[PDB]
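Chemist: Return a 3D structure for these sequence lines:
(one chain, ligands or ions: 1)
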Amino acid sequence: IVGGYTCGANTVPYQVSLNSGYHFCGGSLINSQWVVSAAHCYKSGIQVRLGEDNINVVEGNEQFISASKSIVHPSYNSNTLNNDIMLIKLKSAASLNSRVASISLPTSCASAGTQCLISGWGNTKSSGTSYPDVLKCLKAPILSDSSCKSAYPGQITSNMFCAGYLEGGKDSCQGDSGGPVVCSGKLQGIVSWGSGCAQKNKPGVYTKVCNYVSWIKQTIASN
Ligand SMILES: [Ca+2]
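Modeler: Numbering: from 1, shown residues only. Below is the structure in question.
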């Protein structure tokens, strides 16, 4: 997260870190046994880390649970990033508490102008590299479809939205991928892609979760 703030320990209780020896992506806990992330975060050997603040220090609220199954969206296209969503099932159910909690799926899609909370352990610099140990947060509005498409001609599908600031300076970045965009207490986005980070006229692009609620629910119901 570039241009954000330190969230505070365990203040984003649905935020998970995906670990394969190291943090490599975010995700969102949606019930005691399932996480939503980005398909472009797929790999084998995932351990889901819940209850994290400092990802390099055991602070006492963590739960580390291996993935038993990963399910990339049936229509994910890694070239266009259309349908950039995956589900991860945990080998055991997380113990839910005030610091480890699920985030509701959206009943309805969100509109441009709605404020959201974007979070992660990604790079905090737009030029160069600095990775935080503690969770970072950014408040950002959803941008209109027309301004998203104008920023990225020929690239924005109906399964994507932009959020952030056209002036630059505030954005998600490398290592935030797969993490949450939460608006009015609902998971509306997944950190997906953008050109660089925090550049003028290049806001972040996010997977539009409301399009996937039916698939999420039916996948959970049979897996
Ligand atoms: Ca920790």
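Chemist: mind checking the backbone torsions on residue 150?
Modeler: phi -70, psi -30 (degrees, to the nearest 10).
Chemist: Could you measure from it over to residue 35?
Modeler: 33 Å (CB to CB, to the nearest Å). All C-beta spots, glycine's among them, are computed from the backbone N, C-alpha and C.
Chemist: Kindly report the same for residue 52.
Modeler: If you go by CB to CB, the gap between residue 52 and residue 35 works out to 13 Å.
Chemist: what's the overlap in contacts for these two?
Modeler: In terms of CB atoms under 8 Å, 6 or more residues apart in numbering, residue 52 and residue 35 are both contacted by the residues residue 16.
Chemist: just checking, residue 28 touches residue 35?
Modeler: Yes. Between residue 28 and residue 35 there is a contact under CB atoms under 8 Å: 6.5 Å.
Chemist: Check for me that residue 219 belongs to a helix.
Modeler: Yes. Per DSSP: H, G, I helix; E, B strand; the rest coil, residue 219 lies within a helix segment.
Chemist: for the ion, what are the nearby residues on the protein?
Modeler: By the rule CB under 5 Å from the ion, the part of the chain lying against the ion is 52, 54, 59.
Chemist: Can you say which of those residues are buried?
Modeler: Neighbour-count burial (16 or more other CB atoms under 10 Å) is assigned, among those, to residue 52.
Chemist: In strands, which of the residues of the chain next to the ion appear?
Modeler: Nothing among those maps onto strands, per DSSP state E.
Chemist: mind giving me the domain split of the protein?
Modeler: 1-12+103-210, 13-102+211-222 (curated CATH domains).
Chemist: Which stretch among these is buried most, on average?
Modeler: For these, the largest average neighbour count (mean count of other CB atoms under 10 Å) is found in domain 1-12+103-210, namely a mean of 20.
Chemist: so who does the spatially most central residue of the chain touch?
Modeler: Centroid-nearest residue in the chain: residue 179, 1.6 Å away (criterion: CA atoms, centre = their mean). Residues near residue 179 by CB under 8 Å, 6+ apart: 15, 25-28, 37, 118-120, 122, 172, 190-191.
Chemist: got it, and residue 91?
Modeler: Taking CB under 8 Å, 6+ apart, one finds 65-68 in contact with residue 91.
Chemist: Those: which two are farthest apart?
Modeler: Across the contacts of residue 91, the longest distance by CB to CB is 9.1 Å; it joins 65 and 68.
Chemist: Now do the shared contacts for the two.
Modeler: 90-91.
Chemist: end-to-end on stretch 36-54?
Modeler: Start-to-end span of stretch 36-54 (CA to CA, to the nearest Å) is 21 Å.
Chemist: Would you agree residue 3 is in contact with residue 167?
Modeler: No. Shown here, residue 3 and residue 167 do not form a contact pair, counting by CB under 8 Å, at 10.6 Å.
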